[PDB]
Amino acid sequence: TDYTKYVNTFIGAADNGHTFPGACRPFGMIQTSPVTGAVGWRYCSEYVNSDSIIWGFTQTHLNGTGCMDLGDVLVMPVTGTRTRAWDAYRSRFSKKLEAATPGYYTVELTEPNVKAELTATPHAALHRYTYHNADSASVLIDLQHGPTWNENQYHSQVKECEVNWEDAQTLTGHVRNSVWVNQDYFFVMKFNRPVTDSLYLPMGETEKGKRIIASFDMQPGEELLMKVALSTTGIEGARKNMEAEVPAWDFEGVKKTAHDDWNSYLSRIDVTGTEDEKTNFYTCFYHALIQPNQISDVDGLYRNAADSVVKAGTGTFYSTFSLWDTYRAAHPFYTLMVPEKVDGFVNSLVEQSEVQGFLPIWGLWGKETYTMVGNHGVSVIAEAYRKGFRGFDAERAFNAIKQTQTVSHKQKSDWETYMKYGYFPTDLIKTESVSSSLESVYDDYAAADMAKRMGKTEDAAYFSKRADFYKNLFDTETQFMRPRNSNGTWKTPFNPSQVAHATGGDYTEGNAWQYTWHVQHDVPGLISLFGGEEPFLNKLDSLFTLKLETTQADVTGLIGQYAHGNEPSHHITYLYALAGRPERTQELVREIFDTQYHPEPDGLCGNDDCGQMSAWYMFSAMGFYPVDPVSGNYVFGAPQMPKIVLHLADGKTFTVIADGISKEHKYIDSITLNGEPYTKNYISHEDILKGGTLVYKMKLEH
């Protein structure tokens, strides 16, 4: 079966989603995709489905980020007049003739009257342009272009740019830009026809990039092929990358390689359901596998955070580690379904820690962006170790964890303050005091877990003490995780609904209603703080029913104050089950499936967040979720499709059956594992990997 047919790459091409529709390989360096715009300047995302103007095609993209992006090397077919203003090469296009499938994108560009087709290898983009008009057939190569939230930034974003025509078919160059991350890239670009003339357009005073119009001698209907390979290291690295992957001009072959690569992953799960269910699921699977992105050359060389070219220990170095999001479910998903990449990811995290002094917080292009809170590379490593991954040096990995959690670092990890108080005090830490505290607690728990498993008794005791610090922020009077002053008192006034954006506030992208539940490692301890299951459940009921009338304009993703697009919320629906009311978890997961994920461009409730929203969906569809990722226990909610078969790495299969699932039959009567009654509220990683059959008998009665 061809599972790629269920991937709709336009899903999430919207303000809520921030996906890209163009061609990439799983975990690749190239995401070659259209840049679109409308009227005025859009803050974020290079493509949205409602736009009807294409600026060109860039070679690098992040999937589902809030605003960070790469968007390097804009190319655009041009016909007619060669010299124009920088913004005058754009084109309308029809939706009818735009199409995509994993590894491939095509669109008809009305203005130049050119069809564009894009495919990709791990390090190269390959384009095929058909010039219906071949009048001064040309290509714009725009090295100034990049994704910025305003136009002033756009015209100043390049710090350095050098290009060279090596011959009539080959352009090479180097760009450094600054916006979201300090990025150096090098490229080799080749055309399959000789360039007959080239022109540099005049650049703005602050523009350090270049805009090149390259021309070709062509006739109507003729094709031009362009390939471009990138490198972090140098032009020779880019050349070697190209030679390894696109040595000639085999467009159909590259497209097929990409198709087959995607199917080699997607075929690891067989979903039975409606067409829409399969489209939702396989598109999620696709989104989860776009990143982390390989950025090393084919020989393992990469440019690291010290701006030095070095060799990856494993031969491959990855970045794009959106760890605040992904530690929660995307990383667990890789441990199950993409285990052969986990050791490589851990090695990449550790190597960068050894350069910068702490694990990547939000790693991009091998650099640090410091985005969001916590240090959740710690969870990823501890989880991998707990689950039996041994393709990394555990001593080096634990040293990275220990340095991360005990040596203070930017932007938020002031451990002297933290250990003085047992929390980050709101009066001393201007923003995110509570979110940074509670999220750091999880990392200390993870550190303790790995320490215990390595027999590091003293370290385990140290980190276990820190893992209890969540208790220091729970106000029993109001029953919220509440900001706390350095003098011990609670912050007043206190509005538990007030959303924080570091406008400021003590939480991250949310409020106390969400963060009160952020104790993934010790849900029993949190229940105890509440005074038992009954008051805990009463407070959850309030979370899911509280709507605000004077604020909170877009309620996108919200069920009361539960915010499905905000990652702190992702484990919350499962807390009902963990407090002895699983039928409510079952109802709520179904509600999320009914409302928050549809197989349409505008069908997502929120940005995909580098595969985290997608991994949430895939786990929840199977009926279990990693509330506590390091534990390797998956807490039951309810399956959402009739049957899901996992093909595991050793040839075993784990089959999930939602026996009798329907619109109203959404509750679980009973669970059997390998034919025997199963009464625990979770299933272990080990039990999944053993293979077999998990049958949820579905019912109406509740």
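We number the residues from 1 along the sequence you see.
Interval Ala502-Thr503, deposited residues with no coordinates in the entry (none, 1 to 3, 4 to 9, 10 or more): According to the record, 1 to 3 deposited residues lack coordinates from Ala502 to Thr503.
Mean Cα B factor from the PDB record: higher for 608-616, or higher for 395-403? Taking the mean B-factor of the alpha carbons in each, 395-403 is higher.
Greater mean Cα temperature factor according to the PDB record, 103-111 or 545-553: Comparing 545-553 with 103-111, the higher average CA B-factor belongs to 545-553.
Which of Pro360, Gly532, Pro332, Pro122 ranks first by CA B-factor in the deposited coordinates: In the PDB entry, the greatest C-alpha B-factor among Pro360, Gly532, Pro332, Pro122 is found at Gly532.
In the PDB entry, which of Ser435, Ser94, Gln520, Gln294 has its C-alpha at the highest B-factor? Largest recorded C-alpha B-factor: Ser94.
Can you tell me whether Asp659 has a C-alpha B-factor in the lowest, middle or highest third compared with the other modelled residues of the same chain? Middle third by C-alpha B-factor.
Place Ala258 in the lowest, middle or highest third of its chain's C-alpha B-factors, as listed in the PDB entry. Tercile = lowest for this residue's CA B-factor.
Can you tell me which third, lowest, middle or highest, the CA B-factor of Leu646 falls into for its chain? For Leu646, the deposited C-alpha B-factor lands in the lowest third.
Can you tell me whether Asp69 has a C-alpha B-factor in the lowest, middle or highest third compared with the other modelled residues of the same chain? Bottom third by C-alpha B-factor.
Lowest, middle or highest third of the chain for the C-alpha temperature factor of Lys690? Answer is highest: the recorded C-alpha B-factor places it there.
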